[PDB]
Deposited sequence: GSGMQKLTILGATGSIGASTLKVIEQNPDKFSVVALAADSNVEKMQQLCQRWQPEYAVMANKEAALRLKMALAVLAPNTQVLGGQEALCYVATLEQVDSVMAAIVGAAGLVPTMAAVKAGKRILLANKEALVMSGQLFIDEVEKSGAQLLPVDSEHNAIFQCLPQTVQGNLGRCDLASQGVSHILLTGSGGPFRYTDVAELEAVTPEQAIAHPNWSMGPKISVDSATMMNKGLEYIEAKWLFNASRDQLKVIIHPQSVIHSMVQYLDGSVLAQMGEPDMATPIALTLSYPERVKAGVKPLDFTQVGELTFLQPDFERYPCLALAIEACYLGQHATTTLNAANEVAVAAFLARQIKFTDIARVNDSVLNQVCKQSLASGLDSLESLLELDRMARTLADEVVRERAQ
């Protein structure tokens, strides 16, 4: 059949890679809706090329401007505005799959909407599982929704697991299918070989979107992918290890009971993982060239040092404490990173802020997206506080 898609977050690189896969397979995929935040210029250009039934801007004022643009550029496209409209396109009867690529907290509610409607979820929003993993997994089970991870690392892990595990994310019994270890890999960031002593003097210039680059330098991003992997693959602390792989040719790996390791590799292009999320359990052309082993260079590996990457230790800790600790850590880390970029704090202060905040909250019925959002707020003020003190 023809697979029908809503793309939430169409104007970013995930959206672009998704559309490149769709362009390469026009007989298999079709765009019913596109959605974005406030980038009208990019949206109108997309809507012109794709002439979707719906187009949504989260920002109601941006929706108005798009509506007036598309009167000329895509006159059969119904433009809509606001949070309720994102849920509307995410839950349409005709839609099979939702690329859930709206970043941040704003992505929670419409991603959750697609989940409750039992859609196939191409998950590219970090926050669904970092903040509210237990809740997502539970709602996924309740509605029959299929969860297909888009992030390079989780997608790689998915490909290296056996089929029975792939079809059972959230609830999987890894040990009974022969899996010993999931090996989550990352480059280690620009300070992979920098002496721990020199981390205090690191400037924003050296550490480097800008927030995400700092999360790469501290490996707090990896910690976040760790938290997500735990929920996606139902993994204990011992089933889930982190390996530094500086060249990022290998994207992650799975260690089996019989000694066998499976690794996924590829050119650095999100169209590969996204293609598999669209096409699973089949494969499609993604407009990505085959890997050129002529150009790959040497592949090396390092065990991560927690003195160098104290944020990664915090995430892993937080991970097995539960939604409250992960929601807190993430909140605190947004604030600490902004504070570092503003020159209010040193590079190595980021982790201290994260650690201070994490300790305070953990001293204390059912969780909800709202209760956790309030928590995110609580933890944000606490972090704002700590930053003034360390200065």
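- No C-alpha positions are given in the record for the deposited-sequence stretches 1 to 2, 211 to 217, 374 to 377, 405.
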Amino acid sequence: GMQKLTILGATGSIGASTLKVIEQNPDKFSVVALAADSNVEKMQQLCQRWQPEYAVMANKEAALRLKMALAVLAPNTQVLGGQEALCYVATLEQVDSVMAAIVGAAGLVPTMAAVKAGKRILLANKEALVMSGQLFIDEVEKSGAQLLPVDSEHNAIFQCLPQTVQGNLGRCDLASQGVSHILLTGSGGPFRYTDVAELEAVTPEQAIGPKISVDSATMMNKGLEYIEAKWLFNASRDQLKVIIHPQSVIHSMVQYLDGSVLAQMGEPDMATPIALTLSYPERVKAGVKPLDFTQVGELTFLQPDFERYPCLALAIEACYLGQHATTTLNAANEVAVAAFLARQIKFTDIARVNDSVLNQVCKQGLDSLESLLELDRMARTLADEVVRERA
From here on, numbers count along this sequence of modelled residues.
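What we label the rigid core is the largest C-alpha set whose atoms superpose within 1.5 Å from one form to the other.
- After a core fit, the C-alpha atoms in 4 other deposited structures of this protein lie farther on average from the shown form in one of 334 to 342 and 66 to 74, namely 66 to 74.
- Using the rigid core as the fitting frame, the root mean square C-alpha deviation in 4 other deposited structures of this protein is greater for 235 to 243 than for the other of 235 to 243 and 105 to 113.
- Across the other PDB entries of this protein whose models span the neighbouring residues, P26 is modelled without exception, so it is unmodelled in far fewer than a third.
- Not even a third of the other compared entries skip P52; each one keeps it along with the residues on either side.
- When the C-alpha B-factors of 120 to 128 and 148 to 156 are averaged, 120 to 128 comes out higher.
- For the two regions 255 to 263 and 194 to 202, the entry's Cα B-factors average higher over 194 to 202.
- The entry assigns its greatest Cα B factor, within the set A229, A207, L108, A114, to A207.
- The PDB entry gives the largest Cα B-factor of the residues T381, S17, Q24, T11 to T381.
- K142 sits in the highest third of its chain by CA B factor, as recorded in the PDB entry.
- Per the deposited record, the Cα B-factor of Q247 falls in the middle third when ranked against the other modelled residues of its chain.
- Ranked by Cα temperature factor within the chain, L240 sits in the middle third according to the deposited record.
- When the modelled residues of the chain are ordered by their C-alpha B factor, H181 lands in the middle third.
- Ranked by C-alpha B-factor against the other modelled residues of its chain, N59 falls in the middle third.
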